[PDB]
Amino acid sequence: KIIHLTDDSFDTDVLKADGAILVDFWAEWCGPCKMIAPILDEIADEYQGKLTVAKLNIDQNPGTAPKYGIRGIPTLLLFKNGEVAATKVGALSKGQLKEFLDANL
Amino acid sequence: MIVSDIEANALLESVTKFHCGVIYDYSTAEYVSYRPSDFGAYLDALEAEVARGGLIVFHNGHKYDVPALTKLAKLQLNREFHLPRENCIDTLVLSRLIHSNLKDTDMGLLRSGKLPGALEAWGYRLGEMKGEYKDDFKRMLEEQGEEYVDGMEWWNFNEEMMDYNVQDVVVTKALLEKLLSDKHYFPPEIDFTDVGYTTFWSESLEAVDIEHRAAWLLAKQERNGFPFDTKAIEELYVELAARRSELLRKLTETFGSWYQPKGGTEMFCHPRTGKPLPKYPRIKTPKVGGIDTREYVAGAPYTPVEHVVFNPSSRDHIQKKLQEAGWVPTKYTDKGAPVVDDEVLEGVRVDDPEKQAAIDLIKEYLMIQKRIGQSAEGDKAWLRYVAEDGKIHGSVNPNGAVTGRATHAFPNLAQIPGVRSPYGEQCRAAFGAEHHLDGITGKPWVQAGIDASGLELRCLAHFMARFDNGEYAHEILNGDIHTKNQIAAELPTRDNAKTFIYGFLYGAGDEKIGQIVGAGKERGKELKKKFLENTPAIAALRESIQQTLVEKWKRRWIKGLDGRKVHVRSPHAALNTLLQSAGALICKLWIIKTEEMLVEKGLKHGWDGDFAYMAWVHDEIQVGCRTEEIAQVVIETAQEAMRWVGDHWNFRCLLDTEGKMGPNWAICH
DNA sequence: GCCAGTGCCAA
DNA sequence: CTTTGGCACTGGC
Ligand SMILES: Nc1ncnc2c1ncn2[C@H]1CC[C@@H](COP(=O)(O)OP(=O)(O)OP(=O)(O)O)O1
Ligand SMILES: [Mg+2]
Ligand SMILES: [Mg+2]
Ligand SMILES: [Mg+2]
């Protein structure tokens with residue numbers, strides 16, 4: 001249910017997907033990243049229809065995050081028509097995420 | 001005998017004013033101060049002592065006070081002042097001889113807290129005086145509301161300065177007496193503070209005379225400086241910088257950037273358990289924040305990170321990328337870190353062809369940076385040290401090494417890249433007499449380079465004579481010893497043969513020998529027994545050295561050629577101590593005798609004369625010469641002086657030198 | 001800016 | 001157990 005991005009698939013999968021896309025920049029060695037992970041699996045099917053959940057491991061794909069000024073992880077970027085519409089950094093509980101999404105959708 | 005010291009407005013290079021001076025006279029036992037307007041009187045007092053056949057003691061006067069007084073006498077009073085070398089004593093030179101096992105701050109040029117071992121108290125005080133004075137000055141200023149500038153404490157004379165001047169002499173006198181109480185260098189039956197100059201030198205250990213002569217001569221060399229081709233180095237720098245950039249571009253293309261944790265202040269604890277996970281990167285839990293276009297959410301933890309670009313000068317980055325490509329380290333350090341030197345890099349193997357080739361780019365990059373650092377960007381770079389006169393005035397501690405060898409710094413002219421190393425031709429060529437134009441004719445000067453032949457192996461011959469009756473001393477003269485060894489060891493170059501034989505002679509293990517010749521430990525064994533069996537007296541000498549020094553120490557010092565005590569650090573490095581010291585003392589008396597003979601022939605030392613010492617690199621001297629004829633005489637004279645030194649100390653092996661004439665160091669060595 | 005850890009430049 | 005030295009460059013506090 002989740003979209004696993006690569007540096008080379010980012011443009012067409014996110015910047016041109018024209019719709020709501022939540023991107024999560026993460027790394028395996030990050031505690032918080034490991035925390036919000038389970039939350040994202042659930043948000044995925046629950047918003048299946050009004051949103052798309054995509055993940056990009058910054059270690060395997062080192063070229064995308066810098067273009068967005070990543071300063072901490074996990075970084076949550078909600079794109080809309082190829083542009084960032086809202087961002088949040090840190091491991092949010094499922095409750096807070098649902099708020100962020102409903103509020104931005 | 002008198003003890004003195006002066007205070008002036010700046011370092012020798014730009015000093016223009018005499019602030020004050022103090023003189024303690026042993027015959028009257030009183031201290032006399034000389035303020036700004038007493039400069040003429042101060043000088044008269046010093047010349048008077050010279051007129052009596054007396055002595056003047058300074059602490060570092062050989063390099064500073066004496067030449068500074070000559071300079072200031074001309075500038076301020078238009079007087080000709082030149083204290084004779086035979087009338088001067090230098091407590092710094094003396095302590096460096098007596099306590100050769102200790103380090104010193106080179107008159108505060110070095111950070112004391114950085115030096116290893118202990119420091120002699122009196123000398124420590126002396127070397128720190130300027131820094132202490134500077135502090136008292138700044139303090140007193142802040143107490144009166146004024147702002148402190150650079151080093152204004154030296155711009156004008158003042159009574160605080162005068163008090164420190166007086167304190168220098170009191171401390172210097174105490175240091176002197178302490179040094180003169182060493183029965184080994186100064187016989188107890190003689191009061192050395194109550195005799196004429198000729199007596200002082202003739203009744204003390206030969207070493208006392210040699211060190212003072214070496215210091216006087218080397219101070220002159222520093223003043224001469226080494227003519228430097230600034231333009232050629234600035235162009236070498238441009239060339240190296242472009243190659244560095246291109247290597248960086250290629251490398252940052254092959255080895256991409258990445259992120260790592262940075263800024264974590266909080267500890268990450270498992271949500272369920274709550275146990276600390278100190279291994280996980282430290283995090284941060286924003287206090288304020290909610291769902292508000294702020295990016296953070298109170299209580300929502302994240303890991304602060306930073307983006308890092310590949311740095312070829314980082315052994316860490318290198319190690320990280322190579323392992324990420326399949327590299328499995330074989331050797332680590334006493335800190336867990338894997339060894340990443342050229343020898344290891346040369347042996348690394350990975351699948352990805354591009355990454356494999358990248359290793360060569362990395363080795364080239366490190367080397368390029370090595371040259372840029374020494375020539376232009378480092379704190380001690382040549383381009384940062386060239387003076388207005390177009391010369392680099394490297395500093396020299398005449399007796400800075402425990403063995404009696406000298407040390408070199410600011411910058412270290414005894415570590416210029418060899419002509420056979422990458423970019424060595426250009427580096428070497430930038431140091432040359434040719435870059436100095438005669439003050440009268442405007443014509444370039446010529447360079448004479450002389451180097452002692454197979455120095456330390458001949459010292460081995462000497463000490464092995466009692467065991468082998470001079471066989472080695474004799475066979476070593478049959479053609480070039482290093483070239484002869486190169487052939488027998490089947491080595492690629494003569495340089496490789498030199499580093500091989502000495503490593504061997506000084507205890508290199510089988511593995512180490514293998515490395516040196518570029519092979520394995522087994523090849524190291526072959527060579528080790530091959531040369532050892534070809535000259536068994538080497539073992540005899542080693543055993544004898546051992547039986548004499550070790551019993552726990554039976555005695556922890558060797559007696560040098562001139563009688564001094566030479567501190568031994570390890571039983572295993574004892575032979576090196578014996579031979580390096582002998583070689584160092586031979587070369588020291590050698591450079592002294594060389595100049596003395598040139599002067600006896602009527603030649604004058606100086607740019608406004610006939611020749612000028614530009615550098616002394618252990619067993620090598622590079623001398624600037626006004627003409628080729630003079631260069632020819634310098635070379636011939638240097639050879640005569642060496643034979644003289646060998647005869648002087650009844651050396652059991654004939655001593656030689658090889659000379660070269662040319663425009664620069666690239667050609668003269 | 002200070003300092004440990006590494007590693008290279010010379011003899 | 002090569003030895004004697006100077007010095008640069010990264011990375012941690
Ligand atoms: N790798 C080394 N290890 C230890 N000591 C060395 C080493 N290289 C040189 N030395 C010492 C011993 C010889 C002395 C002077 O060096 P130099 O290179 O002039 O040797 P050398 O005098 O034997 O050779 P040459 O006859 O070629 O001038 O410094
Ligand atoms: Mg002084
Ligand atoms: Mg030599
Ligand atoms: Mg030499």
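A note on names: the letters A, B, ... follow the listed sequences, proteins ahead of strands, and every chain is numbered from 1.
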* B:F410 has a side chain; which of D:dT4, D:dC7, D:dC1 sits nearest to it? -> D:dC7
* Could you check which residues of residues 500-511 of chain B get a heavy atom under 4.0 Å from DNA chain D? Sort them by number, please. => B:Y502, B:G503, B:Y506, B:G507, B:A508, B:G509
* What pairs of residues pass the salt bridge (charged side-chain N to carboxylate O under 4.0 Å, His left out) test when at least one of them lies in residues 331-340 of chain B, not counting sequence neighbours? -> none
* Does the ring of D:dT10 sit north or south, if a positive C1'-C2'-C3'-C4' angle means north and a negative one means south? -> south
* Using a heavy-atom cut-off of under 4.0 Å over every strand shown, decide if B:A337 touches base, sugar-phosphate, or nothing. => sugar-phosphate
* Looking at the side chain of B:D342, which of C:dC8, D:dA8, D:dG5 is the nearest nucleotide? -> C:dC8
* If only side-chain N and O atoms of B:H408 are considered, is one of them under 4.0 Å from the OP1 or OP2 phosphate oxygen of D:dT4? -> no
* Asked: Looking at residues at least two apart in the chain, or sitting in another chain, which of them share a side chain to side chain donor-acceptor pair (under 3.5 Å) with B:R556?
  -> none
Distances for protein N or O near nucleotides 11-13 of chain D N or O, under 3.5 Å:
unit_1	atom_1	unit_2	atom_2	d
D:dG11	OP1	B:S314	OG	2.7

* Spacing of B:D619 atom CG relative to D:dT4 atom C1', expressed in whole Å -> 13 Å
* Name all residues meeting the side chain to side chain donor-acceptor pair (under 3.5 Å) criterion together with B:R111; count only those two or more places apart in sequence or in a different chain, and write none if there are none. => none
* To do: Could you list the residues that satisfy side chain to side chain donor-acceptor pair (under 3.5 Å) with B:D510, not counting sequence neighbours?
  => none
* **Side-chain (B:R315) to main-chain (B:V340) donor-acceptor, under 3.5 angstrom** => yes
* Structure fact -> Contacts satisfying salt bridge (charged side-chain N to carboxylate O under 4.0 Å, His left out) that involve residues 410-423 of chain B (not counting sequence neighbours) are B:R420-B:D495
* For B:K660, all residues meeting salt bridge (charged side-chain N to carboxylate O under 4.0 Å, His left out), sequence neighbours excluded -> B:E658
* B:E132 atom CD, over 12 foreign heavy atoms within 6.0 Å -> yes
* Options C:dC9, D:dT10, D:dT4, nucleotide nearest the side-chain atoms of B:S313 -> D:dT10
* Look at all strands and tell whether B:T333 reaches a base, only sugar-phosphate, or nothing, counting heavy atoms closer than 4.0 Å. => sugar-phosphate
* Please answer whether the main-chain N or O of B:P398 pairs with a side-chain N or O of B:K588 as donor and acceptor at a distance below 3.5 Å. => yes
* Could you check whether B:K370 gets within reach of a base, just the sugar-phosphate, or nothing at all, counting any heavy atom under 4.0 Å? => base
* **Short side-chain N/O contact to D:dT3 OP1/OP2 from B:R405, under 4.0 Å** => no
* Asked: How would you list, by chain and number, every residue that makes a side chain to side chain donor-acceptor pair (under 3.5 Å) with B:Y124, sequence neighbours excluded?
  -> none
* Taking atom P of C:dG7 as reference, at what distance in whole Å does atom CD1 of B:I362 sit? -> 14 Å
* Please work out if B:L579 contacts a base, only the sugar-phosphate, or nothing of the nucleic acid, heavy-atom cut-off 4.0 Å. => nothing
* Which listed nucleotide (D:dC7, C:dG7, D:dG5) is nearest to the side chain of B:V402? -> D:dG5
* Asked: So does B:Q369 get a side-chain nitrogen or oxygen closer than 4.0 Å to the phosphate oxygens (OP1/OP2) of D:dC9?
  -> yes
* Asked: How long is the line joining CD of B:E456 and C1' of D:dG5, in whole Å?
  -> 13 Å
* Asked: For B:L115 and D:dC7, what is the distance between atoms CG and P respectively, to the nearest whole Å?
  -> 12 Å
* Structure fact -> Rounded to whole Å, the CZ-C1' distance (B:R371 to C:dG7) equals 13 Å
* **Distance in angstrom units between B:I513 CD1 and D:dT2 P, rounded** => 8 Å
* When we call it a touch if two heavy atoms are under 4.0 Å apart, what does B:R569 touch: a base, just sugar-phosphate, or nothing? -> sugar-phosphate
* To do: Starting at atom CD of B:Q319, determine the distance to atom P of C:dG5, rounded to an integer number of angstrom.
  => 18 Å
* Donor-acceptor side-chain pairing of B:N664 and B:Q447 below 3.5 angstrom -> no
* Asked: Can you tell me how far P of D:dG6 sits from NZ of B:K114, to the nearest Å?
  -> 8 Å
